[PDB]
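Encoded as structure tokens, the structure appears first; notes follow it.
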Amino acid sequence: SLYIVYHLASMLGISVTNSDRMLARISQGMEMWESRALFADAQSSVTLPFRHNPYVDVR
Amino acid sequence: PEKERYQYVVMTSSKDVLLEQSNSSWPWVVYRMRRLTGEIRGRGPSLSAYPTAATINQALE
């Protein structure tokens with residue numbers, strides 16, 4: 001949710017943010033919460049294996 | 001009895017019998033090197049090797 005808030009603010013700020021430095025910081029907040037949101041979603045379960053393993057499947 | 005132990009028949013796929021005999025032996029001798037219990041056909045060392053061969057051939061391809 002917080003990642004979407006920053007990302008949407010980044011899109012609006014293209015036209016309405018006064019300072020380039022301020023827009024850069026908003027975009028930095030977008031990227032920061034994107035990684036944290038991705039980690040939080042991903043770490044809850046194990047990583048699934050590949051479905052295609054040629055050197056094993058050929059046996 | 002021993003002299004009649006092996007019953008031998010030659011016929012066609014439409015069940016037309018061409019020859020019937022009874023002898024003390026039959027033409028065939030069957031070889032096995034090793035055998036898994038419950039199976040009549042054997043399993044030899046080249047059968048043990050083929051999964052390894054399959055991996056090698058895939059690697060070379």
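By convention in this document, the chains of the structure tokens carry letters A, B, ... by their order, each chain's residues are numbered from 1, and ligands are numbered from 1 in the order they are shown.
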Once you count only C-alpha atoms, which residues of chain A turn out to be within 8 Å of chain B? Could you give them as a count of residues only?
-> 5
Write out as a CSV table (one decimal) with N, CA and C atoms, in the first residue's frame which residues come within 12 Å of region 18-27 of chain B when counting only C-alpha atoms, dropping same-chain ones fewer than 5 positions away.
```
chain,number,residue,atom,x,y,z
B,1,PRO,N,6.1,-88.6,-18.3
B,1,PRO,CA,7.5,-89.1,-18.1
B,1,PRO,C,8.5,-88.2,-18.7
B,2,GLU,N,9.8,-88.6,-18.5
B,2,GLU,CA,10.9,-87.8,-18.9
B,2,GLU,C,11.0,-87.7,-20.4
B,3,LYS,N,10.8,-88.8,-21.2
B,3,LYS,CA,10.9,-88.8,-22.6
B,3,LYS,C,9.7,-88.0,-23.3
B,4,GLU,N,8.7,-87.7,-22.5
B,4,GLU,CA,7.5,-86.9,-23.0
B,4,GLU,C,7.4,-85.6,-22.3
B,5,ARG,N,8.5,-85.1,-21.7
B,5,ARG,CA,8.4,-84.0,-20.8
B,5,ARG,C,8.1,-82.7,-21.5
B,6,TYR,N,8.7,-82.5,-22.7
B,6,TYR,CA,8.6,-81.3,-23.4
B,6,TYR,C,7.6,-81.4,-24.6
B,7,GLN,N,6.5,-80.7,-24.5
B,7,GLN,CA,5.5,-80.7,-25.5
B,7,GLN,C,5.8,-79.5,-26.5
B,8,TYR,N,5.9,-79.9,-27.8
B,8,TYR,CA,6.3,-79.0,-28.8
B,8,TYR,C,5.2,-78.9,-29.9
B,9,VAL,N,4.8,-77.7,-30.2
B,9,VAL,CA,3.8,-77.4,-31.2
B,9,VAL,C,4.2,-76.3,-32.1
B,10,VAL,N,3.9,-76.5,-33.4
B,10,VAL,CA,4.0,-75.4,-34.4
B,10,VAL,C,2.7,-75.2,-35.1
B,11,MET,N,2.2,-74.0,-35.1
B,11,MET,CA,0.9,-73.6,-35.6
B,11,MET,C,1.0,-72.2,-36.3
B,12,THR,N,-0.1,-71.9,-37.0
B,12,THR,CA,-0.2,-70.6,-37.6
B,12,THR,C,-1.0,-69.6,-36.7
B,13,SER,N,-1.0,-68.3,-37.0
B,13,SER,CA,-1.7,-67.3,-36.2
B,13,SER,C,-3.2,-67.5,-36.3
```
Tell me, as a VMD selection string, which residues lie within 10 Å of region 6-9 of chain A, counting only C-alpha atoms; anything in the same chain fewer than 2 positions away does not count.
-> chain A and resid 1 to 4 11 to 14 16 to 17 23 25 to 34
Residue selection dump (C-alpha atoms) as a PDB file, in the first residue's frame:
```pdb
ATOM      1  CA  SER A   1       0.000   0.000   0.000  1.00  0.00           C
ATOM      2  CA  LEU A   2       2.764   2.450   0.890  1.00  0.00           C
ATOM      3  CA  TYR A   3       4.607   1.536  -2.312  1.00  0.00           C
ATOM      4  CA  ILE A   4       1.529   2.432  -4.367  1.00  0.00           C
ATOM      5  CA  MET A  11       3.355   9.995 -11.402  1.00  0.00           C
ATOM      6  CA  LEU A  12       1.457  13.075 -10.221  1.00  0.00           C
ATOM      7  CA  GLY A  13       4.699  14.837  -9.321  1.00  0.00           C
ATOM      8  CA  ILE A  14       5.863  14.760 -12.935  1.00  0.00           C
ATOM      9  CA  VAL A  16       3.088  19.359 -10.119  1.00  0.00           C
ATOM     10  CA  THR A  17       6.273  18.895  -8.054  1.00  0.00           C
ATOM     11  CA  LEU A  23      10.781  14.619  -7.124  1.00  0.00           C
ATOM     12  CA  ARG A  25      13.303  11.865  -3.233  1.00  0.00           C
ATOM     13  CA  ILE A  26       9.715  10.826  -3.954  1.00  0.00           C
ATOM     14  CA  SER A  27      11.007   8.408  -6.589  1.00  0.00           C
ATOM     15  CA  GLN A  28      13.575   7.146  -4.076  1.00  0.00           C
ATOM     16  CA  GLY A  29      10.757   6.374  -1.658  1.00  0.00           C
ATOM     17  CA  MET A  30       8.929   4.521  -4.425  1.00  0.00           C
ATOM     18  CA  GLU A  31      11.909   2.280  -5.177  1.00  0.00           C
ATOM     19  CA  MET A  32      12.676   1.692  -1.499  1.00  0.00           C
ATOM     20  CA  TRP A  33       9.174   0.492  -0.678  1.00  0.00           C
ATOM     21  CA  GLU A  34       9.038  -1.565  -3.869  1.00  0.00           C
TER      22      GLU A  34
END
```
Within chain A, find each residue whose DSSP state, derived from the backbone, is alpha helix (DSSP H), and express the selection as a PyMOL selection string.
-> chain A and resi 2-16+20-42+54-57
